[PDB]
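1. sequence, then structure. It's an experimental one.
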Amino acid sequence: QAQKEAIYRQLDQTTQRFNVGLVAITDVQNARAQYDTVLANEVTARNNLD
Amino acid sequence: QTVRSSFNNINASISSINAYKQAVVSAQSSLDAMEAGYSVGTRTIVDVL
Amino acid sequence: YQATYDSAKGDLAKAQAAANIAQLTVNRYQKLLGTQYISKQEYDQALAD
Amino acid sequence: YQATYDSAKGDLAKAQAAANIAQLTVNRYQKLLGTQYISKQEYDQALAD
Amino acid sequence: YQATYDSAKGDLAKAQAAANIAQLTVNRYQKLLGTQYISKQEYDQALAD
């Protein structure tokens, strides 16, 4: 859960940077991929606890 | 116990499918970026490879 | 005066070479920027150069 | 004197281009600073530039 | 005037050494460029230098 929060904040930072315009779209896509990966990891951990 | 485990496994597989689809999209975007850079002249063949 | 003229011409040639390479870099970055493959900051930096 | 005036105007144009790129960079950093997404050291450095 | 001549000769030697190393780097990059193993940006930068 802590990792998910950190990754979400990182994704928000990258999205803001692209919105004002500082980085390419590849960084945004990579950040979104990382966020989806951490969400899947959170789901897996929840199922393991269950 | 087995039924519960199988249901949880199905849900986890769905989530992993979504994550891997997003990863594939990101990799495709990166490859297109590298190909465009190579066509312009700022990249070598090994980068697109 | 001939020596001074030669020195001035050499300085002009150096400046022209720098301008040429800067213009080439600007053209390449402008080509890459079309579909948002490089940051706008890099394009602005190249234009300033 | 015409040549000297032309040289001075060219130097002024160079300085103006540098100021323009610095101002654009600092404006983008100020826009980003609202959500605490950049350390204040970077913003101070951009303002000084 | 002899001292001034010596100073000018030393400056010329420094410039010649810089030109020699730049030319060597350019020749090596030109040999490498044949098989598209270096991006044209690096070759153009070396040529400008």
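-> Ah, there it is. Numbers count the residues shown, from 1 in each chain, chains lettered A, B, ... in the order given.

2. how about the contacts made by the residue of chain C found nearest chain E?
-> Nearest residue of chain C to chain E, counting by C-beta to the nearest C-beta: residue C:21, 3.7 Å away. C-beta: built from backbone N, CA, C; applies to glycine. By C-beta atoms under 8 Å, 6 or more residues apart in numbering or on different chains, the contact set of residue C:21 is E:44-45, E:47-48.

3. got it, and residue A:4?
-> A:38-39, A:41-42.

4. tally of neighbours for residue C:39?
-> Residue C:39 sits with 19 neighbouring residues when counted by other C-beta atoms under 10 Å in any protein chain shown.

5. is chain C within reach of stretch A:16-23?
-> Yes. Using C-beta under 8 Å from any C-beta of the partner chain, stretch A:16-23 reaches chain C at A:21-23.

6. quick one: which of these is most hemmed in?
-> Counting neighbours by other C-beta under 10 Å, residue A:22 leads these with 20 neighbours.

7. next one: it from residue A:29, what distance?
-> Residue A:22 sits 15 Å away from residue A:29, going by C-beta to C-beta, to the nearest Å.

8. and for whatever residue of chain C ends up closest to chain A, the neighbour number?
-> Taking C-beta to the nearest C-beta, chain A has its nearest neighbour within chain C at residue C:40, 4.2 Å off. Look at residue C:40: counted by other C-beta under 10 Å, it has 17 neighbours.

9. look up how far residue D:26 lies from the residue nearest to it when sequence neighbours are not counted.
-> In space, and not counting its chain neighbours, residue C:40 is closest to residue A:21: 4.2 Å by C-beta to C-beta, 6 or more residues apart in numbering or on different chains. Separation of residue A:21 from residue D:26 (C-beta to C-beta): 14 Å.

10. quick revisit: and the contacts of residue A:4, which are buried?
-> Buried subset of those (neighbour count, 16 or more other C-beta atoms under 10 Å in any protein chain shown): A:38-39, A:41.

11. secondary structure and distance to chain C for those - can I get that in a markdown table?
-> Shown next, in a markdown table, are the buried ones among the contacts of residue A:4 (DSSP: H, G, I helix; E, B strand; the rest coil; distance: C-beta to the nearest C-beta, whole Å):
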| residue | secondary structure | distance to chain C |
| --- | --- | --- |
| A:38 | helix | 25 |
| A:39 | helix | 26 |
| A:41 | helix | 30 |
